[PDB]
Each structure stands twice: as structure tokens, then as C-alpha cells.
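Working notes, beginning with the structure itself.
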Amino acid sequence: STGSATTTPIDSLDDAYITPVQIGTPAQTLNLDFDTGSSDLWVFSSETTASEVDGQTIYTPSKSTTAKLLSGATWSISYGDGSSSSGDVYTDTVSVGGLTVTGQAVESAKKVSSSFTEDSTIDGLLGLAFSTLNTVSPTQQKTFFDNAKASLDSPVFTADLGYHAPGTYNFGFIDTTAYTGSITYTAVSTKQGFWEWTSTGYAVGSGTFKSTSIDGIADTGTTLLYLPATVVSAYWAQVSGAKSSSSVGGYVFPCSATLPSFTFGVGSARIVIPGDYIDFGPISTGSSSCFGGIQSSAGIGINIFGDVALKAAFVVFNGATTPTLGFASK
């Protein structure tokens, strides 16, 4: 089997992307944030504290003939940005782009933090990291991909995120028309539960590529590219007027600047992020100061190849017995 679904930016900055997902019988379609940095599929629901719902579409398990309550089970998750959610657990039929998993754990939110409430466009998350990170207790549950894997034509999914445009998540096949040149594959460590890999270096604009190992995670659920302070400083030093602002929370630059590209290494191959992808717009409405899309990972504890990096590539998440990542230009 295979699946193919379009993913759409939630706003004009590509802050996140939403993908329609069918849950239950008859189908209830919710728009979920596919997150290769986590491993819970959780939704706003009929059980979510009413005051914490503001415009989201909810899953109502009592209207699904295939929903089953997982007796006694609970879940509770906290994300890197300080957001969180928690609740109880159903299993139900879940379909993505024509690919159906029966008995998928669908985690129903009883509580969500303010950032989730305040985002009316995201109806929940669909985790695509390794199932070892799943937060269901007492017994951890499998991700959608983990459950689908054996049935897929090939044990893979691909992320093809657009810049200020829709893109695609495919399951079970590689669309050879969706990228230029060849896909370079690189090793993955699953030790921390992420799609963790080692980039071979970087370049700033037209500068010569610096060969240096940068361990980090491929994370579709993180907006920006978070890299070591040395790398990030080297980038912003090439932008006139750029500076790190503790009050704003990162590097800012004059909105009139022409941003250089940023290149990261995948083995001997190179992915070039155009300068425009690094512009996240005015720090506040009407400001002539803009927020940068490459920021320091110091204090996160891990480097994160988020959407700013991933949307410059066609990315293969290879879930074979020994997982790997592939990157191609496009």
C-alpha cells in the first residue's frame, strides 16, 4: 500500500504545516501537524476542556463506530517550545492520503496549553519519530508510520515541504519526479528516539564550505533551523545590521536586508537554503526589524534541522531495519 497527502502552511510565514487526516467511522477529518520530532498522535476532542478550545475541529469518539477506549491509559507530553497537552487514549481507524491503519492509538486531549488553544488551525499532532518516545502509559503505543510499515510497498515516508506553498507527505514510495539530481542517504541514530543524523558541514552564501560534523535531528514539527552558536554567528555576521537580541529572543536583522543562502552538507552532497527562506518577517506588526530563521541551539541541548532546512529538500525517512535519511535538492 501507499498514501499521499498534501501538507499546507498554516500562515504566510510557514510557521507550521497541516495535513488532513481521517479518523473514525464515518470519517472525521482533522488537520494535523505532522511532527517527525515526536511520537504521539493526539487530537482536540469532545473531551478537551471547553475553555481551551478556540476554533479547532474536534474528534468525537462517541460518533465513531470503530473507536475503542484503551482502558485506564493516559498520556502527557511536553514539547521543546514549552507547550504541552494530556488526556486519555482511544484506538480508531486512521487514514492519511488513502493509506489506512486500523487500531491506531488516537490520544484524546483533556487539557492543552495556551499555544495550542491560540492556534485555531492545528487540530492536533501526528508524531513520526520513533515509537520509543510515545508517552502513553502504562503501555507505550506505536506511531502511525510504525503501524503502517509492514503494509507499505517500501518502509519509508517522504517529506516535501513547500516554501510559502503546499507540499506533500508520501508513505510507502519515493516519487522520483519530485526532486532534482540524486538522493544522498546518511546514517541515523535512534538512541534518543529521533531521526538523528550528522551533517558534514556548512557554507554561508557564496563562501567556501566548511567541513565539520554537526549532529542534529530532522524535525518537521519545528519551524526554524537551530544550529551551534559558532555556525549561527558566522551566518549573521554576513548580514548588515544583524544582531542577537535577548529581548526579542534571537537574531534579528533589518527587514530591507538581502539575506545570503545557507548550505548544509549531507555526505558529499549539499542542500542550499535560499536567503528568502530565512526571513520570518517583522518581529512585531509594523516593525522594520525582522526575525531570523537560523537561530542558536545553545540551551536546547540538540541541533534541529526544522522546516527552514527541510523545505529546501526532498527528504526520505527510511524506516528499514537500519533506518537512514535521504536528502535531495528540488
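If you go through the stretch 1-17 one residue at a time, how many are crowded, with 22+ Cβ neighbours inside 10 Å and out of contact with any helix residue (DSSP H, G or I) (no Cβ under 9 Å at 6 or more places or on another chain)?
1
Checking the conditions here, which among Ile304, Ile294, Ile273, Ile217 is touching a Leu at 6+ places or on another chain (Cβ under 8 Å), buried (at least 22 other Cβ atoms within 10 Å of the Cβ), assigned by CATH to the domain that holds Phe194 and farther than 14 Å from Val204 by Cα?
After ruling out the rest, the residue left standing is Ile304.
Scanning for something free of Cβ contacts under 8 Å to residues at least 40 places away in the same chain and either under 23 Å from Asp81 (Cβ atoms) or more than 18 Å from the chain's Cα centre (by Cα) (or both), does the stretch 219-230 turn up at least one residue?
Let us first name the residues in the stretch 219-230 that are free of Cβ contacts under 8 Å to residues at least 40 places away in the same chain, namely 230.
Checking which are either under 23 Å from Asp81 (Cβ atoms) or more than 18 Å from the chain's Cα centre (by Cα) (or both) leaves us with 230.
For the stretch 219-230, residues free of Cβ contacts under 8 Å to residues at least 40 places away in the same chain and either under 23 Å from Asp81 (Cβ atoms) or more than 18 Å from the chain's Cα centre (by Cα) (or both): present.
In the stretch 240-266, what count of residues is obtained for those that are surrounded by 14 or more Cβ atoms within 10 Å (Cβ to Cβ), without any contact (Cβ under 8 Å) to a residue 40 or more places away in the chain and in a loop (DSSP other than H, G, I, E, B)?
Residues in the stretch 240-266 being surrounded by 14 or more Cβ atoms within 10 Å (Cβ to Cβ), without any contact (Cβ under 8 Å) to a residue 40 or more places away in the chain and in a loop (DSSP other than H, G, I, E, B): 3 in total.
Does the stretch 188-198 contain at least one residue that is within 13 Å of the chain's Cα centre (by Cα) and in contact (Cβ under 8 Å) with a residue 40 or more places away in the chain?
yes
Given the condition part of a loop (DSSP other than H, G, I, E, B) and either of a type in the set (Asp, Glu) or touching a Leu at 6+ places or on another chain (Cβ under 8 Å) (or both), answer yes or no: does some residue in the stretch 59-80 qualify?
No, because not a single residue in the stretch 59-80 is part of a loop (DSSP other than H, G, I, E, B) and either of a type in the set (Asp, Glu) or touching a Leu at 6+ places or on another chain (Cβ under 8 Å) (or both).
In the stretch 227-239, what count of residues is obtained for those that are surrounded by 15 or more Cβ atoms within 10 Å (Cβ to Cβ) and assigned to a helix (DSSP H, G or I)?
Of the residues in that region, 5 qualify.
Starting from the stretch 1-19, keep only residues that are touching a residue at least 40 places away in the same chain (Cβ under 8 Å), then list their pairs with residues that are of a type in the set (D, E, K, R) and assigned to a loop (DSSP other than H, G, I, E, B) whose Cβ atoms are within a distance under 6 Å, requiring at least 6 positions of separation or different chains.
Final answer for the pair search is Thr2/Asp153.
For the stretch 1-42, what are the residues that are under 17 Å from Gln56 (Cα atoms), touching a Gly at 6+ places or on another chain (Cβ under 8 Å) and among the small types (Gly, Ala, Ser)?
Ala16
For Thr74, are the conditions met, namely being surrounded by 16 or more Cβ atoms within 10 Å (Cβ to Cβ), closer than 26 Å to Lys149 by Cα and touching a residue at least 12 places away in the same chain (Cβ under 8 Å)?
Taking the combined requirement at face value, the residue does not satisfy it.
Counting only residues that are hydrophobic (A, V, I, L, M, F, W, C), under 16 Å from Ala320 (Cα atoms) and assigned to a strand (DSSP E or B), how many does the stretch 186-221 have?
2
Answer yes or no: is there a residue in the stretch 92-109 that is free of Cβ contacts under 8 Å to residues at least 24 places away in the same chain and surrounded by fewer than 14 Cβ atoms within 10 Å (Cβ to Cβ).
Checking the stretch 92-109: not a single residue is free of Cβ contacts under 8 Å to residues at least 24 places away in the same chain and surrounded by fewer than 14 Cβ atoms within 10 Å (Cβ to Cβ).
Does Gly80 satisfy being free of Cβ contacts under 8 Å to residues at least 60 places away in the same chain, surrounded by fewer than 21 Cβ atoms within 10 Å (Cβ to Cβ) and under 21 Å from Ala129 (Cα atoms)?
So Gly80 fails the test.
Looking at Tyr185, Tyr179, which one is in contact (Cβ under 8 Å) with a residue 40 or more places away in the chain, farther than 22 Å from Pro9 by Cα and in the same structural domain as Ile217 (by CATH)?
Details: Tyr179 fails: farther than 22 Å from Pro9 by Cα.
Being in contact (Cβ under 8 Å) with a residue 40 or more places away in the chain, farther than 22 Å from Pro9 by Cα and in the same structural domain as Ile217 (by CATH) holds for just one of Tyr185, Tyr179, which is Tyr185.
Where in the stretch 102-180 are there strands (runs of 3 or more DSSP E), lying fully within it, with 1 or more residues that are aliphatic (A, V, I, L, M)?
Hits in the stretch 102-180: 124-127, 156-160.
Take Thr117 and decide whether it is among the β-branched types (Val, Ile, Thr), under 17 Å from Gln28 (Cβ atoms), touching a residue at least 40 places away in the same chain (Cβ under 8 Å) and in the same structural domain as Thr25 (by CATH).
In short, no.
Going by the structure shown, is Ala298 in contact (Cβ under 8 Å) with a residue 60 or more places away in the chain, among the small types (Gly, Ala, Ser), more than 19 Å from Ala313 (Cα to Cα) and touching a helix residue (DSSP H, G or I) at 6+ places or on another chain (Cβ under 7 Å)?
yes
Considering only residues that are charged (D, E, K, R) and over 22 Å from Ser287 (Cα atoms), which ones fall in the stretch 218-261?
Across the stretch 218-261, the qualifying residue is only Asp219.
All of this is worked out from the model, or read from it or from the source named; none is laboratory data. A quick note on method: Cβ atoms are made from the backbone with ideal geometry, for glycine too, and the neighbour counts reach across all protein chains shown.
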